[PDB]
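Shown next as structure tokens: one chain only, the form deposited in one PDB entry.
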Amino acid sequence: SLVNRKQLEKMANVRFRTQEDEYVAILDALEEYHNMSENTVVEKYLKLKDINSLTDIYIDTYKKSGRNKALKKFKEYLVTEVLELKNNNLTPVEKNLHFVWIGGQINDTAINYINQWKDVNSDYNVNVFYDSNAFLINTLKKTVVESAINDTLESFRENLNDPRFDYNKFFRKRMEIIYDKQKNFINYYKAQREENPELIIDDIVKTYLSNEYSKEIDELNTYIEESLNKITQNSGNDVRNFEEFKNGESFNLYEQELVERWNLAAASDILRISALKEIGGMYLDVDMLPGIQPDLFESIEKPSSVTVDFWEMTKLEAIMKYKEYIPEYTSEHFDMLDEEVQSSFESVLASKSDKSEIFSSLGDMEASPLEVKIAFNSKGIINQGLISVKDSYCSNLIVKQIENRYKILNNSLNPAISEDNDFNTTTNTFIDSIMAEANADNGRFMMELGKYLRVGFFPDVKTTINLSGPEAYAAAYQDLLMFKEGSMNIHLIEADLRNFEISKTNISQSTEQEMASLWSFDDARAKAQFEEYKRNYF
């Protein structure tokens, strides 16, 4: 239990000192808190936050007071009480599974993974959010990028052995022309939406592709038709009917990533947490699979010669090898096992008859109305999996985190692009404003924001992480545990964040597709990629 009024008066007692107005404010607030056993969890949290805020104002008011030590310990006590509130007051999690595939056609292996979730979760409603107006964004990005690569490679022309025409110069010029093409497109798009507001993204993109890159409108209509057909046959849920999202203050951010930057990952980041906040349930990336039944392989000890991750991949590859639920799944790891272990897998799996003996079911999940739960990998939290009751407190904190970081980004970015200038001068105005607005609390973050316009077209850019990805989740967690909003500099350690992990049993993250998805544009692959562009062009 949290300390009561008398107990804090004893902790925070200083002889011959009268009780100040602020102090009485703290003690009254604590007394009121212990009289809310019949209030909602959120209400109790808010009272704990009002308490913490009052305690801070007292500490700031009487800086060298003798009560500050006890009151600081009381702050710690408040954080612990919040953890107890989150842990001892659970609610049902709405039985929804949320996936996102936007900007193009969904491939067969994604639908195979989703189908696994469907098969062992018949009681859960499944949403695969898509954007029916924007099936061509990825196509636009691919063709603009390919055109930039050709322009740059021609730009090198004869001097290929000139050492100062290296991959760095290649990517700096390629970025320049990509930026020109991108702002050309954004201008045409805003012109069209002014001239004919009836038009949707794909009309504008299709006629743009026809005019500027000689693509065939008929082929693009076929591509749209087939993509729409495939996703609607697989639980498609159109984001253009997501009214709460369309009318909220994150929709313009979603469309910024979608149509201005062509970053389908950033847009999926924006959307998944709004979906979660409005509907509740569990969000998954399409390369995640259901958790394996815990006892399924209890009889097979993991050798010491293989890492934990190796063994996880092995389990899945065995299941797919002898049950064939997903065709063409890899066996790279399973095949490296000694013959005896291989047969242990084969026999355990021949023992089992129905997929429900291999994959577990989510069932009836419950969570705190304060929290959203996130997955973990060896590098920390990752939002490939999230669990939340509808309108949870943390889902609001995460939405606010993302909207505020975009506020900071766009406050400096929008003035620079408003002047029609090239990539380099635009970057200079933009970065100048960033550094002007930097301070100790947001320094690291701003250094990341600096690379915004290069996201997706340059090696070693980590802006999305800081803008819409895991950093905003960690920032929201800190907001909760600090009784504030707007954290920019994360000091929570892994033990703090573990208070929000999804049980390992609810997701299989070690899949073939996700190890594929784990590649980074690391500036060695940039070198290699340059080498197969000049090898593929000459």
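Numbers follow the displayed sequence, beginning with 1. Between two forms, the rigid core is defined as the largest C-alpha subset superposing within 1.5 Å.
The following text describes the form deposited in another entry, which does not appear among the structures shown.
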Which of 85, 382, 306, 362 is displaced between the shown form and the other one by 2 angstroms or more at its C-alpha, rigid core aligned: 306
Any chance the CA of residue 151 moves 2 angstroms or more between the shown form and the other one, core superposed? yes
Comparing between the shown form and the other one on the rigid core: C-alpha of residue 443 shifted by 2 Å or more? no
C-alpha of residue 337 moved at least 2 Å between the shown form and the other one on rigid core: yes
